[PDB]
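One chain is shown next in C-alpha cells, namely the form deposited in one PDB entry.
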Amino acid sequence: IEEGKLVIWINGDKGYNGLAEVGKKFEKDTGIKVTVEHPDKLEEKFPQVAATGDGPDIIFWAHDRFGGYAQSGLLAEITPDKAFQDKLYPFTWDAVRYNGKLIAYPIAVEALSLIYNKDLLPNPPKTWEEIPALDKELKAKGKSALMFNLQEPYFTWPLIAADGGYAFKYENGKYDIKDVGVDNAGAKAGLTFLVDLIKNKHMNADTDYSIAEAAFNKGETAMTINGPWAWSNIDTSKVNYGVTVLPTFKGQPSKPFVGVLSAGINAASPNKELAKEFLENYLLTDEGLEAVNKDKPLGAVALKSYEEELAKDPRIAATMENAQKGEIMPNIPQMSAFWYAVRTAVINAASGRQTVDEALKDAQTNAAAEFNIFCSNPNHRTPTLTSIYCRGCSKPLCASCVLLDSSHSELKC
C-alpha cells in the first residue's frame, strides 16, 4: 500500500464517478491523490489481499460482510468524536457496530422496492398472488409483468421471508445462529411461489440484473424489483416510473434485508488519518454525498443534514416503507456462508435442477455446517461456548448470560 495517497474500492453499481469527484476535491485541498477503483468480486478479494497487508485504504460495501472482515482483523477501528457521531443517524451506527467497536463509517440505507411503469400499470399490485393473473393480461399485449434478478438471492429473499423464512432466529434483540430458518414452511412457501411463476411462464428462469434492467428500462416489462442505485439508469431512460412497497404474500408484507452501505479502513493502511479526514470531512458532508448521489442514487444517507433534503423524494419514502417492513441485515461472520447457501438453492430451484424442498434442505444444512464461538463476558475464566449474538453490538453471549444478566436489551445496550 502506497504511503501518501488513498486507494478506494467500491462496487460497480454505485456512483464511483461521484466518489472520484470527492477524491479530486480532497486532492485540490490536501494535494493527496485519491484513486477510486471498482473491482469485480471485491467483497471476496478484499479479505484475500488484506490478509497480507495489501488492498485499498478504504473499502465500500453493505455492512453485512464487515463483521467477517473485523473477525479476521482486516479493519481499523474508527474513532469519531461524539460531535461527529451526532451528525449521523443512530440507526446507521448500530449497523457498523461489531464486537462493540465501530468498524466502518455508515453511508446510506438501502432497501429493495417494487418499481413499476405508470403507463402500463396505473395501479401496481398489492399482492404477489395477483401477478400471475396480471402477467396473463399483459401477455395479451405482448408485455410482461415482472422481471428481476434471480441470480442474486438478495432480490428474492423479501418473498422468501414474507411468510416466515429467516436467516437466524431473532428474539429480544438477539440472534441465535443454531436456529436457521431456510427450509421452514414460510420459506418453502415463498420459494415455491416464485418458481411457479417460471413454470407458468410468468418469469424466465435465467433473468439476471442486466437483463431485467434492460427490459424494464426498454419498456418491455411493467415491474421490476431493485434498490436506489438502479434509479440512475431508469431516470436517464424515457420510462415513466414510480417506486412503491413490495407486494404482500399470503397477507404478510415482503421483508427485504436492509443494507447500510459502509466505508471500512484497512487495518494495514499507512494512511488511516487521511482516510478518516477524507470520510469525515469530505464524503460525509452535504456537498460530498450530493456528488455521489447525483451519479447513482445512495438511498437514505446516514448524514442527518443531507437526508433532511432527500426525505421529500417519494422514492426515498418508498424505500423507507420497505426498509421498515424488512429487517436490518446481521453482520456476523456467518452471514456470507448463508448468502452462498441461499444463492445456490434459488438458482437451482428456479432452473429446475432441484425441487424447492430439495434445494432448501441442501442450503439449510450447508449453511449450519460452517456456523466455534465463545461468550464475550471476560469474567468467564474459561471460553464459554454459545451461538447467540446481540444484535446491537454484534457480540456473542452465552445462554446463561442471555437469561440472567440484563446487560444487553433490545431497547438499549
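All residue numbers are counted from 1 along the displayed sequence.
One more form of this protein exists, namely the form deposited in another entry; it is left out here, but the text below deals with it.
Treated as two rigid bodies moving between this form and the one not shown, the chain carries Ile1 and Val109 on a single body. Legend note: Cα of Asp208 to Cα of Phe60 is at least 3 Å farther in that other deposited form than in the depicted form. Compared with the form shown, the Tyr89-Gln324 C-alpha separation decreases in that other deposited form, the change being 3 Å or greater.
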